[PDB]
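Heads up, the thing below is written out as structure tokens.
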Amino acid sequence: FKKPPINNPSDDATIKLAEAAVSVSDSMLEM
Amino acid sequence: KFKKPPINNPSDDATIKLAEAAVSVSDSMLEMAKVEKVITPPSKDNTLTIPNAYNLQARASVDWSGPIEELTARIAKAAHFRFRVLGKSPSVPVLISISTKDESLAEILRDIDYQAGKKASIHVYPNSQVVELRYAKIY
Amino acid sequence: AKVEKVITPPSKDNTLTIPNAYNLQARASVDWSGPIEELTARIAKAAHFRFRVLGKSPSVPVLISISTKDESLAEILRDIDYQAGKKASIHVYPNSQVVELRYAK
Amino acid sequence: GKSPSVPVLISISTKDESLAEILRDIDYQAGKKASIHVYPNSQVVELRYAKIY
Amino acid sequence: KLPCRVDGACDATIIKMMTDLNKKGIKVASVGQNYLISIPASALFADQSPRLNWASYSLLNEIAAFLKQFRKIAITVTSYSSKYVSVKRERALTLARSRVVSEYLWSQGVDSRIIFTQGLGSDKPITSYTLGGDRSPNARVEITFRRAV
Amino acid sequence: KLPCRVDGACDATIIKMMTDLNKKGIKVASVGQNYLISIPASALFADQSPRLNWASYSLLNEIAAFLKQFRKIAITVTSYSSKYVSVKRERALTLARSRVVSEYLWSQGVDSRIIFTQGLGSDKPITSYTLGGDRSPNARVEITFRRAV
Amino acid sequence: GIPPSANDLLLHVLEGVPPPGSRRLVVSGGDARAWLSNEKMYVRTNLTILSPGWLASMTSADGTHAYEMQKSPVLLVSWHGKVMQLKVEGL
Amino acid sequence: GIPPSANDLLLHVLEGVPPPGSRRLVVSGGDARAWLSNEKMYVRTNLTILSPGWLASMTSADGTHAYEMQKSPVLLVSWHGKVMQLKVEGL
Amino acid sequence: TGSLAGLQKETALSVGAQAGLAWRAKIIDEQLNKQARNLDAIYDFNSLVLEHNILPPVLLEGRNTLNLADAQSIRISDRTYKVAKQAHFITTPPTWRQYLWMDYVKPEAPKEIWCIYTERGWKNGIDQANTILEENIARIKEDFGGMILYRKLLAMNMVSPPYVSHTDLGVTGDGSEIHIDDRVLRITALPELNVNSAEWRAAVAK
Amino acid sequence: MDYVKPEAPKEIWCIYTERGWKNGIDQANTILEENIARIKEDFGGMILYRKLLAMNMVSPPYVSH
Amino acid sequence: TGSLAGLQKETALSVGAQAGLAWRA
Amino acid sequence: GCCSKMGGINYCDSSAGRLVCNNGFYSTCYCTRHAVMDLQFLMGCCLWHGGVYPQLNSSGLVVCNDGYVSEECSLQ
Amino acid sequence: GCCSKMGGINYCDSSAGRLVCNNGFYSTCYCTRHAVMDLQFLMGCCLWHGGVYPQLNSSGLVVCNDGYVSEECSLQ
Amino acid sequence: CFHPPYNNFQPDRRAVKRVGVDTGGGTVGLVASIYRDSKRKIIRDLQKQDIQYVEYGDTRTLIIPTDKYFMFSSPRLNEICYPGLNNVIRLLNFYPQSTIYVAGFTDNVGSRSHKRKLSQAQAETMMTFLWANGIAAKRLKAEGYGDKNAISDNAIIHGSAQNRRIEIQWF
């Protein structure tokens, strides 16, 4: 049976923090 | 019964405050990147310096937070290419931080070359099968 | 308030209208606080017009402040002309595609 | 125009009034600090600040 | 106050997992400090398609639980298949199989820095008996690493 | 010494009145933070006239008592009717109905800053079955708002 | 004026001989040695020091690093692409 | 005599860093922070202050206000067109 | 006290706060350790460092400024820019652990109305730890925002870049000690704001 | 007006307690009357300036920028 | 010490060291 | 009981200063002090002045920080 | 039991900081303090400063070697 | 039986297993089948998972959260939450003549093009999963909006969490 990732953003603040980190990394790559 | 769909795990106020800081950091970076891109339009891409070939299309998932030379040597060894170093290594080390998932070795090398910036450069010669890392003529 | 308030008729309102030239409806995001000349030149370059100045610059330059996220170039030019006041004016000619910054004598 | 550092405050307390009359009362109470214009052919409500300070 | 061992690991658990995997049929080999896990393709995938069965996730969880017992830097996943139509379809199939296996392994919590994936098609066979399809012993996926310190 | 909640409000009371209104026939809907109350015109007004019945003030009191439980800035009241004679008469009828309903709601003690009133006539139906008069389901009054914080 | 070149104690730190008059410090969590001589901390290791910042540095032929830095009870290091911490006692 | 331009400490108040040497105040009833440094209150909020009167003011890019004023145990604010009060403790 | 007819502990508060502060600090440190890679992705100080390993300066911005100095006279301004910190040579980039990590030491140094005051002190200690963490977050946000603002004003040509002079000595020293390739690097011009507004460059984003 | 709750406390006690109860209410009414007179004086003085400015007996303030 | 519910020799160390030092030497 | 006739309290959202219940509905209870409270009645004297000036007095007079004398807190 | 289900402990290899079992397998146990441990949580205060400055104080304040004051180890 | 990965895109024979196991009653099994095959039982099951159903007039809407029915920041479909998707297919089987609109919505974090592309990719993935179960391609249309018309407040954590969704409307 399939399992979820253990370091998964299952919290509504962790989701926002992780997508903010993704956008920051994308902006740094563009710069 | 009355319910609304997103019901997740309970949150922590420390993570709430960190997210509130990070959103404003992110859109400040968005404004700065837009201003810099508008002021200075780039004209060249590193596809000419780093081209692709066969057996550079094997894939990798990498999470590395150290110096550039060991990671570049591991990528070259997995890509079955010789590794060459040009120039003197600086006394202050060139640090990179890569955290990706399932992309090609040429794309990984291009991201490492972009993050190195003005300190180091990556070149690929597929005829001789050579990956070359060169340091900048600084200090 | 009815007694004290004074108005102007819309026939003699000294404000630049929308020139409705097709190159001036492109949206833009502008953050600027400084002289009028440099911003007006960049607005003309983004609208692919020419830019010319008639008059002379004073000792103290004319300072404007435009901070918008999504606004048309004609509306930006109208806000610039309103903020300039009696010291400068902006004219738009679309037949020969040019903008003119005219100083007050 | 530029918004002033001291804010322009209004106090409105009406009941069952049209939007044009509400905008006219807001424009009268604002007075010399701000003005309200309505362009119906372009469907634009415009608020302009005074050329002061 | 200092830790006495690497956390979540035990030598008895390592020996038990090695014995259970060898009795199940997954080949676990260790020479020096190098470790190899060899898996038949029929226990993971369907008939020559890059789609995992729903029951192979328990085996993948067992392999991930074995892989969490060591400290390592780089893992290599290499796929091999048999002759079906042409070399391009075999190479693409093996690359897709290695991609899916390494994606689930990276989704689970292995503490590695780099995972490399490659699929070599049908270039390196280990057995001259090539009559089967995916039931042939030379259609497999291999997970190789080196124990660090 | 500080207050522990918003005064005169309880979530159990909110759920109770939503359940009672939904069993009575007044539609209460909530998506995200937006709230909608839909009332048929036959339960409030007479046959195509802007005159309230005397017994509908109890229903209006229940709607006001439900509306006092939330904190809000703006309320929108919109009226819809069916085709009777022309478009002018039905737009004037819907505007008058919205004016009367909003006047009684503002007379009662709802703590809102702005209440907007409009009547759209018969431009936006919700049901293709248009055989009834005021008994049709697409002759209605709608009260929409957003819960603030 | 010309700034000074380096500190010559780092050659002995590279060779592994402690400076004279110094005392030993206990380092746990990794392969590193530390000494304290004149309210300054001398670290001999082959890891990469990331966070606390150092004042002077030398490198040997085989890849060993010698650092001169301020005293600190924690060091942040990079081992093989993984970031970890070393604990310094005896300060 | 040219009057002074502003107080440059309101930039740190805008960023949210407390002034050095100050002590914190407790603010109840709304989203605001306050500090007391030299018998003057420094208030960071995004509301509108109506009654007590302030001495200096700055505004950030996202709409956050910073005020310099005298000490008072009550503030009158406008939230969304509605007037309420904030209570300040620790004075 | 009321109507005319109406007319006719501290040690528990002290001991709860230390335990609440230590417990909340430990939980905050655990939550910080759960998100180590995301914080490194967000507060990436390493890619903002200039060419000669120089940390960029910190700049502060204010808009719509008013001062009532005294009665009959006021002073107003549209925007103001200030240099808070100055550029300098670095050997290592900063990290988020020097800003956000809270300090934890286990306190092992210890009934009708005891429990309510103990739990009141517990809530007070939790609130104190939350306030400390909020101040730390603001302190790191100020420096990162100033470093971004320096690059944006450098793009719009309002600050000057630092200037580096290098002196290349040869084989120096006496017969007891030699150095092969001496290089002395010194920065001569610090970054500064310019006041010539005619040289500024505007940016219009399509 | 200022409110602080006082929590710091029989043959002829009740009548004199009632007399003091009346006296405190009278004092509070006097204080409120004085406050009303003060705010009325300030507002009427501000209206009188506008009336005399319309009647041209006062000068307006002059601002230099 | 811990939770809210939780709220509600040298001479041997001296003498071992010389013997261990001499034996290891 | 805050989240009554629901699934109970999920967590305190400090961005809005409100409790979130086990359904998707916001609760009416507060859980931080920096929540929007409609405060209209405040206690204490020398209000709308600088506050109570902290000197200790031989008499019962109470003086504010702006020189005003509070007759309500003053002892007769 | 470190080398459990094996032949038992052979010796401590101090060049790697690990025990060797009686087979050729390295053990998971450490035997020196200079072994690679993944330490992420460290105790003590005035961390990321010079450490605790060793003066004895009349008050409960704790000062670090860089002039910083640690509020967490400070007594209220 | 039932295959957990989508039952090989086959119509599930759900009633015959229950009426075959409830014999060692046939009438009791038929009563259980006609209860559990009803529309209201499907609506209550979708209430047990985190999917909202709104009916108003003759327009019906399903609200599905991407945070639990998608992988993180990707257009991949989360395969652990397959009973909810099977219940969506079972509910949509009752209306064989209506047209289907699917729309994707995200929160305010990120760039505008990134938000539009992520919403469009999630909408295409959901429309493809609807198409592969038997629904014809001429009855489907997908659209991805950004943070254009939200239903909650994006300045708060729970309100921003409520805005990331997939909306399915039919007549």
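In the structure tokens, each chain is lettered A, B, ... as it comes, each chain's residues begin at 1, and ligands are numbered from 1 in order of appearance.
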Shell of 8 Å around residue 4 in chain H, only C-alpha atoms, local chain residues under 2 positions omitted, as a PyMOL selection string: (chain H and resi 2+6) or (chain I and resi 67+69+75)
I need the residues from that last selection saved to file as a JSON list (two decimals), in the first residue's frame (with N, CA and C atoms), if you can.
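This is the output file part.json:
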[["chain", "number", "residue", "atom", "x", "y", "z"],
["H", 2, "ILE", "N", 15.66, 76.41, 10.21],
["H", 2, "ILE", "CA", 14.95, 75.33, 9.52],
["H", 2, "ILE", "C", 14.50, 74.29, 10.55],
["H", 6, "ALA", "N", 12.60, 64.87, 10.44],
["H", 6, "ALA", "CA", 11.82, 63.84, 11.11],
["H", 6, "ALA", "C", 12.67, 63.22, 12.21],
["I", 67, "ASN", "N", 6.41, 65.94, 10.10],
["I", 67, "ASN", "CA", 6.84, 66.28, 11.46],
["I", 67, "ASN", "C", 6.24, 67.62, 11.85],
["I", 69, "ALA", "N", 7.12, 69.99, 14.33],
["I", 69, "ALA", "CA", 8.21, 70.34, 15.24],
["I", 69, "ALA", "C", 7.70, 71.21, 16.38],
["I", 75, "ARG", "N", 7.18, 70.38, 8.84],
["I", 75, "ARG", "CA", 8.09, 69.94, 7.79],
["I", 75, "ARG", "C", 7.62, 68.61, 7.22]]
Check which residues of chain I sit at most 10 Å from chain H using only C-alpha atoms, and return one row each with the closest pair of atoms and their distance in Å to one decimal, ordered by chain and rising number, as a Markdown table.
| residue | atom | partner | partner_atom | distance |
| --- | --- | --- | --- | --- |
| I:60 | CA | H:11 | CA | 6.6 |
| I:61 | CA | H:11 | CA | 7.0 |
| I:62 | CA | H:60 | CA | 6.0 |
| I:63 | CA | H:59 | CA | 5.1 |
| I:64 | CA | H:59 | CA | 5.8 |
| I:65 | CA | H:58 | CA | 4.6 |
| I:66 | CA | H:57 | CA | 5.3 |
| I:67 | CA | H:56 | CA | 4.5 |
| I:68 | CA | H:55 | CA | 5.4 |
| I:69 | CA | H:3 | CA | 6.4 |
| I:70 | CA | H:3 | CA | 8.5 |
| I:73 | CA | H:3 | CA | 7.6 |
| I:74 | CA | H:3 | CA | 7.3 |
| I:75 | CA | H:5 | CA | 6.0 |
| I:76 | CA | H:5 | CA | 7.1 |
| I:77 | CA | H:5 | CA | 7.8 |
| I:78 | CA | H:58 | CA | 9.8 |
| I:79 | CA | H:58 | CA | 9.4 |
| I:80 | CA | H:8 | CA | 9.4 |
| I:81 | CA | H:11 | CA | 9.5 |
| I:82 | CA | H:8 | CA | 8.4 |
| I:84 | CA | H:12 | CA | 9.8 |
| I:131 | CA | H:24 | CA | 9.9 |
| I:134 | CA | H:16 | CA | 9.3 |
| I:135 | CA | H:17 | CA | 6.8 |
| I:136 | CA | H:17 | CA | 8.7 |
| I:137 | CA | H:16 | CA | 9.3 |
| I:138 | CA | H:16 | CA | 5.7 |
| I:139 | CA | H:17 | CA | 6.0 |
| I:140 | CA | H:17 | CA | 9.5 |
| I:141 | CA | H:15 | CA | 7.9 |
| I:142 | CA | H:15 | CA | 6.0 |
| I:143 | CA | H:15 | CA | 9.7 |
| I:145 | CA | H:15 | CA | 9.2 |
Residues within 8 Å of range 49-62 of chain M, only C-alpha atoms, excluding chain neighbours under 3 positions, as a PyMOL selection string: (chain G and resi 70-73) or (chain M and resi 45-46+65-66+68-71+73-76)
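Taking CA of residue 55 in chain C and CA of residue 19 in chain C as the two end points, the separation is 22.9 Å.
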Least-squares align chain H to chain G using all Cα atoms paired by position, then dump the moved coordinates as a short mmCIF file (atom, residue, chain, number, x, y, z; two decimals) with C-alpha atoms, in the first residue's frame.
data_model
loop_
_atom_site.label_atom_id
_atom_site.label_comp_id
_atom_site.auth_asym_id
_atom_site.auth_seq_id
_atom_site.Cartn_x
_atom_site.Cartn_y
_atom_site.Cartn_z
CA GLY H 1 50.24 51.06 6.41
CA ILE H 2 50.72 47.56 5.01
CA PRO H 3 48.48 45.00 6.80
CA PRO H 4 50.18 42.01 8.47
CA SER H 5 50.67 38.94 6.31
CA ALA H 6 49.39 36.17 8.62
CA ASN H 7 50.02 34.50 11.95
CA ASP H 8 52.96 32.09 11.72
CA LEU H 9 51.53 29.94 14.54
CA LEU H 10 49.07 28.44 12.03
CA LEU H 11 52.01 26.50 10.55
CA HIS H 12 52.34 24.66 13.87
CA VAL H 13 48.54 24.32 13.96
CA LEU H 14 48.74 22.76 10.47
CA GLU H 15 51.45 20.35 11.61
CA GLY H 16 49.38 19.50 14.70
CA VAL H 17 51.70 20.88 17.39
CA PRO H 18 49.74 22.90 19.98
CA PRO H 19 50.79 26.51 20.62
CA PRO H 20 53.00 27.01 23.69
CA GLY H 21 51.19 28.24 26.78
CA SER H 22 47.78 27.18 25.47
CA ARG H 23 45.27 24.76 26.98
CA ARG H 24 43.28 22.06 25.22
CA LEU H 25 39.59 22.16 24.32
CA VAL H 26 37.24 19.20 23.91
CA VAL H 27 35.58 18.86 20.50
CA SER H 28 32.68 16.44 19.99
CA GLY H 29 30.67 15.44 16.94
CA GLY H 30 33.45 15.33 14.35
CA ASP H 31 37.14 15.04 13.56
CA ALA H 32 38.63 18.33 14.76
CA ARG H 33 41.10 19.63 17.34
CA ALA H 34 41.04 23.00 19.08
CA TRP H 35 43.31 25.03 21.36
CA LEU H 36 42.92 28.32 23.23
CA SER H 37 45.98 30.54 23.68
CA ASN H 38 45.15 34.28 23.91
CA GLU H 39 41.32 34.19 24.06
CA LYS H 40 41.39 32.96 20.45
CA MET H 41 40.56 29.48 19.19
CA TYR H 42 42.90 27.60 16.85
CA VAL H 43 41.11 24.80 14.99
CA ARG H 44 42.71 21.97 13.01
CA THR H 45 40.32 19.99 10.80
CA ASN H 46 39.62 19.02 7.20
CA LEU H 47 35.94 20.04 7.19
CA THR H 48 34.44 23.33 5.98
CA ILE H 49 33.38 25.95 8.54
CA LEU H 50 30.27 27.90 7.53
CA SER H 51 28.59 30.03 10.22
CA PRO H 52 30.81 31.54 12.99
CA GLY H 53 33.43 33.29 10.84
CA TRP H 54 37.22 33.08 11.05
CA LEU H 55 39.99 35.69 11.06
CA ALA H 56 42.98 33.92 9.45
CA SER H 57 43.35 30.73 7.44
CA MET H 58 45.98 28.41 5.96
CA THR H 59 45.81 25.16 4.00
CA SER H 60 48.29 22.27 3.87
CA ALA H 61 49.29 20.16 0.87
CA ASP H 62 47.01 17.21 1.70
CA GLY H 63 43.87 19.30 2.28
CA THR H 64 44.03 20.04 6.02
CA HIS H 65 42.78 23.48 7.05
CA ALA H 66 43.93 25.72 9.91
CA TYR H 67 41.79 28.57 11.25
CA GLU H 68 42.31 31.46 13.65
CA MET H 69 39.07 32.91 15.04
CA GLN H 70 37.29 34.07 18.18
CA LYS H 71 35.97 31.73 20.86
CA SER H 72 32.55 30.10 20.43
CA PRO H 73 30.94 26.95 21.90
CA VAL H 74 29.46 25.78 18.57
CA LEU H 75 30.76 25.32 15.02
CA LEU H 76 28.70 24.81 11.86
CA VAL H 77 30.40 22.50 9.37
CA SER H 78 29.75 20.91 5.99
CA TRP H 79 30.82 17.27 5.85
CA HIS H 80 30.05 15.91 2.35
CA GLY H 81 27.36 18.35 1.30
CA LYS H 82 25.48 17.91 4.59
CA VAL H 83 25.41 20.58 7.30
CA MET H 84 26.02 19.56 10.92
CA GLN H 85 27.29 21.05 14.18
CA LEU H 86 30.33 20.50 16.40
CA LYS H 87 30.26 21.17 20.15
CA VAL H 88 33.25 22.81 21.87
CA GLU H 89 33.79 22.42 25.62
CA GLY H 90 36.32 23.73 28.11
CA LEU H 91 35.96 27.42 27.25
#
### Message
With 12 Å as the limit and counting only C-alpha atoms, what residues in chain D lie close to chain F? Please list them as number ranges by chain.
### Response
D: 11-19, 22
Point-to-point distance in Å for CA of residue 29 in chain A and CA of residue 50 in chain B: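 A separation of 17.2 Å between them.
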- Query: Skipping near chain neighbours, those fewer than 5 positions away, what residues fall within 8 Å of residue 122 in chain B using only C-alpha atoms, listed as a ChimeraX atom specification?
  - Reply: /B:49-50,109-110,113,131-134
Using only C-alpha atoms, which residues sit within 6 Å of range 1-7 of chain J once same-chain residues fewer than 4 positions away are excluded, as a CSV table (one decimal) with N, CA, C and O atoms, in the first residue's frame?
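result.csv written:
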chain,number,residue,atom,x,y,z
I,1,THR,N,-19.7,50.2,47.6
I,1,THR,CA,-19.3,49.3,46.6
I,1,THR,C,-20.5,48.9,45.8
I,1,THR,O,-21.0,47.8,46.0
L,43,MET,N,-12.0,51.7,31.8
L,43,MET,CA,-12.0,52.1,33.2
L,43,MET,C,-10.6,52.8,33.5
L,43,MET,O,-9.7,52.8,32.7
L,44,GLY,N,-10.6,53.4,34.7
L,44,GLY,CA,-9.4,54.2,35.1
L,44,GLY,C,-9.6,55.7,34.9
L,44,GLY,O,-10.4,56.1,34.1
L,45,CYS,N,-8.9,56.4,35.7
L,45,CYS,CA,-9.0,57.9,35.7
L,45,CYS,C,-7.7,58.5,35.1
L,45,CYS,O,-6.7,57.8,34.8
L,72,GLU,N,-12.7,63.1,40.2
L,72,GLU,CA,-13.4,61.9,40.5
L,72,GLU,C,-12.5,61.0,41.3
L,72,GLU,O,-13.0,60.4,42.3
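With CA of residue 66 in chain C on one side and CA of residue 6 in chain D on the other, the separation reads 19.3 Å.
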| task | Check the DSSP output for the backbone and give back, as a ChimeraX atom specification, the residues of chain G in strand (DSSP E or B). | result | /G:23-28,32-36,41-45,48-49,56-59,65-69,74-78,83-89
Output N, CA, C and O atoms of each residue in that selection to a file, as a short mmCIF file (atom, residue, chain, number, x, y, z; two decimals), in the first residue's frame.
data_model
loop_
_atom_site.label_atom_id
_atom_site.label_comp_id
_atom_site.auth_asym_id
_atom_site.auth_seq_id
_atom_site.Cartn_x
_atom_site.Cartn_y
_atom_site.Cartn_z
N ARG G 23 45.93 25.92 26.21
CA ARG G 23 45.24 24.81 26.86
C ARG G 23 44.33 24.11 25.86
O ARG G 23 43.92 24.69 24.85
N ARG G 24 44.03 22.85 26.15
CA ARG G 24 43.24 22.04 25.23
C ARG G 24 41.75 22.27 25.43
O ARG G 24 41.28 22.60 26.52
N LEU G 25 41.00 22.10 24.34
CA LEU G 25 39.55 22.13 24.37
C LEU G 25 39.01 20.80 23.84
O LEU G 25 39.64 20.15 23.00
N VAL G 26 37.84 20.41 24.34
CA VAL G 26 37.22 19.15 23.96
C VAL G 26 36.24 19.40 22.82
O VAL G 26 35.34 20.24 22.95
N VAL G 27 36.42 18.69 21.72
CA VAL G 27 35.59 18.83 20.53
C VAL G 27 34.86 17.51 20.30
O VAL G 27 35.50 16.46 20.21
N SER G 28 33.54 17.57 20.21
CA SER G 28 32.71 16.39 20.00
C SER G 28 31.85 16.57 18.76
O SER G 28 31.47 17.68 18.40
N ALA G 32 38.01 17.02 14.64
CA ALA G 32 38.59 18.35 14.74
C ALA G 32 39.29 18.49 16.08
O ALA G 32 38.91 17.86 17.07
N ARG G 33 40.33 19.33 16.11
CA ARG G 33 41.04 19.66 17.33
C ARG G 33 41.04 21.17 17.52
O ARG G 33 41.05 21.93 16.55
N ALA G 34 41.04 21.60 18.78
CA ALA G 34 40.97 23.02 19.09
C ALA G 34 41.88 23.35 20.26
O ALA G 34 42.10 22.53 21.16
N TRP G 35 42.42 24.57 20.24
CA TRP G 35 43.25 25.09 21.32
C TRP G 35 42.91 26.55 21.58
O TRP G 35 42.41 27.25 20.69
N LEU G 36 43.18 27.00 22.80
CA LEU G 36 42.93 28.38 23.21
C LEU G 36 44.21 28.93 23.83
O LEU G 36 44.69 28.40 24.83
N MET G 41 40.77 31.17 19.40
CA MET G 41 40.55 29.74 19.22
C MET G 41 41.18 29.28 17.91
O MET G 41 40.93 29.87 16.86
N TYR G 42 42.02 28.25 18.00
CA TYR G 42 42.72 27.69 16.84
C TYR G 42 42.15 26.30 16.58
O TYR G 42 42.16 25.45 17.48
N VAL G 43 41.67 26.08 15.36
CA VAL G 43 40.97 24.85 14.99
C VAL G 43 41.74 24.18 13.86
O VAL G 43 42.05 24.82 12.85
N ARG G 44 42.05 22.90 14.04
CA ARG G 44 42.65 22.07 13.00
C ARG G 44 41.67 20.98 12.61
O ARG G 44 41.27 20.17 13.46
N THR G 45 41.28 20.97 11.34
CA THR G 45 40.32 20.01 10.80
C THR G 45 40.45 20.01 9.28
O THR G 45 41.18 20.81 8.70
N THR G 48 34.67 21.94 6.37
CA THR G 48 34.43 23.31 5.93
C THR G 48 33.57 24.02 6.97
O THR G 48 32.45 23.59 7.26
N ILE G 49 34.10 25.12 7.52
CA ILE G 49 33.42 25.90 8.55
C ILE G 49 32.57 26.96 7.87
O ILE G 49 33.06 27.73 7.04
N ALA G 56 41.82 34.29 10.30
CA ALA G 56 42.92 33.94 9.41
C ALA G 56 42.83 32.47 9.03
O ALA G 56 42.24 31.67 9.76
N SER G 57 43.42 32.12 7.89
CA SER G 57 43.33 30.74 7.43
C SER G 57 44.56 30.34 6.62
O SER G 57 45.10 31.15 5.85
N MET G 58 44.98 29.09 6.81
CA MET G 58 45.99 28.44 5.98
C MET G 58 45.53 27.04 5.60
O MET G 58 44.64 26.46 6.23
N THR G 59 46.17 26.49 4.57
CA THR G 59 45.84 25.18 4.03
C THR G 59 47.13 24.41 3.78
O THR G 59 48.11 24.99 3.31
N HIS G 65 42.97 22.09 6.88
CA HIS G 65 42.77 23.52 7.07
C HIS G 65 43.15 23.92 8.49
O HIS G 65 42.98 23.15 9.44
N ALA G 66 43.68 25.14 8.63
CA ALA G 66 43.97 25.72 9.93
C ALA G 66 43.34 27.10 10.00
O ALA G 66 43.55 27.93 9.10
N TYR G 67 42.58 27.35 11.06
CA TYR G 67 41.81 28.58 11.23
C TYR G 67 42.24 29.29 12.50
O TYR G 67 42.54 28.66 13.52
N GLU G 68 42.25 30.62 12.44
CA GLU G 68 42.35 31.48 13.61
C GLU G 68 41.06 32.29 13.68
O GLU G 68 40.69 32.96 12.71
N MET G 69 40.39 32.23 14.83
CA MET G 69 39.05 32.79 14.98
C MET G 69 38.79 33.09 16.44
O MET G 69 39.59 32.76 17.32
N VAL G 74 30.10 26.55 19.66
CA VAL G 74 29.46 25.78 18.60
C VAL G 74 30.13 26.13 17.27
O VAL G 74 30.52 27.28 17.04
N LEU G 75 30.33 25.12 16.43
CA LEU G 75 30.82 25.32 15.07
C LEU G 75 29.83 24.68 14.10
O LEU G 75 29.28 23.62 14.39
N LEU G 76 29.61 25.33 12.97
CA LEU G 76 28.74 24.80 11.93
C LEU G 76 29.62 24.36 10.77
O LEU G 76 30.41 25.16 10.26
N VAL G 77 29.51 23.09 10.37
CA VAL G 77 30.40 22.52 9.37
C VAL G 77 29.60 21.85 8.28
O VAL G 77 28.43 21.49 8.45
N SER G 78 30.25 21.69 7.13
CA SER G 78 29.73 20.91 6.01
C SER G 78 30.62 19.69 5.83
O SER G 78 31.83 19.83 5.64
N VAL G 83 25.06 19.56 6.23
CA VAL G 83 25.40 20.57 7.22
C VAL G 83 25.11 20.02 8.61
O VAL G 83 24.01 19.52 8.87
N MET G 84 26.10 20.10 9.50
CA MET G 84 25.98 19.58 10.86
C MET G 84 26.73 20.50 11.81
O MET G 84 27.33 21.49 11.40
N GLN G 85 26.68 20.17 13.10
CA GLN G 85 27.25 21.02 14.14
C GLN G 85 28.26 20.25 14.98
O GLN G 85 28.12 19.04 15.19
N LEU G 86 29.28 20.97 15.45
CA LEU G 86 30.28 20.45 16.37
C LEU G 86 30.22 21.24 17.67
O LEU G 86 30.07 22.47 17.66
N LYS G 87 30.37 20.54 18.79
CA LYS G 87 30.25 21.12 20.12
C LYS G 87 31.64 21.27 20.73
O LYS G 87 32.41 20.31 20.77
N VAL G 88 31.95 22.47 21.21
CA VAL G 88 33.25 22.80 21.79
C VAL G 88 33.06 23.05 23.28
O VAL G 88 32.26 23.90 23.68
N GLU G 89 33.80 22.31 24.10
CA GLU G 89 33.75 22.43 25.55
C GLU G 89 35.08 22.95 26.08
O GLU G 89 36.07 23.08 25.35
#
Residue 26 in chain A environment, 10 Å, only C-alpha atoms, sequence neighbours closer than 2 positions dropped, as a VMD selection string: (chain A and resid 20 to 24 28 to 31) or (chain B and resid 26 29 to 30) or (chain N and resid 110 to 111)
Selection: 10 Å around residue 26 in chain D, only C-alpha atoms, excl. self and same-chain fewer than 4 positions, as number ranges by chain: D: 10-12, 20-22, 30-31, 34-36
With only C-alpha atoms counted and 9 Å as the cut-off, give the residues of chain N in contact with chain L, each with its shortest interatomic distance in Å and the pair that gives it, as a tab-separated table.
residue	atom	partner	partner_atom	distance
N:155	CA	L:15	CA	8.0
N:156	CA	L:15	CA	5.6
N:157	CA	L:15	CA	6.7
N:158	CA	L:13	CA	7.6
N:162	CA	L:24	CA	8.5
Residue subset to file, keeping C-alpha atoms, as a short mmCIF file (atom, residue, chain, number, x, y, z; two decimals), in the first residue's frame:
data_model
loop_
_atom_site.label_atom_id
_atom_site.label_comp_id
_atom_site.auth_asym_id
_atom_site.auth_seq_id
_atom_site.Cartn_x
_atom_site.Cartn_y
_atom_site.Cartn_z
CA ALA N 155 -4.32 37.91 4.35
CA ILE N 156 -5.18 35.16 6.87
CA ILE N 157 -3.95 31.58 7.03
CA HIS N 158 -7.22 29.61 7.02
CA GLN N 162 -9.71 27.85 1.61
#
Please, which residues in chain I fall within 12 Å of chain L when counting only C-alpha atoms, and what is the closest atom pair and distance in Å to one decimal for each, ordered by chain then residue number, as a tab-separated table?
residue	atom	partner	partner_atom	distance
I:123	CA	L:32	CA	11.6
I:127	CA	L:32	CA	9.9
I:130	CA	L:14	CA	11.2
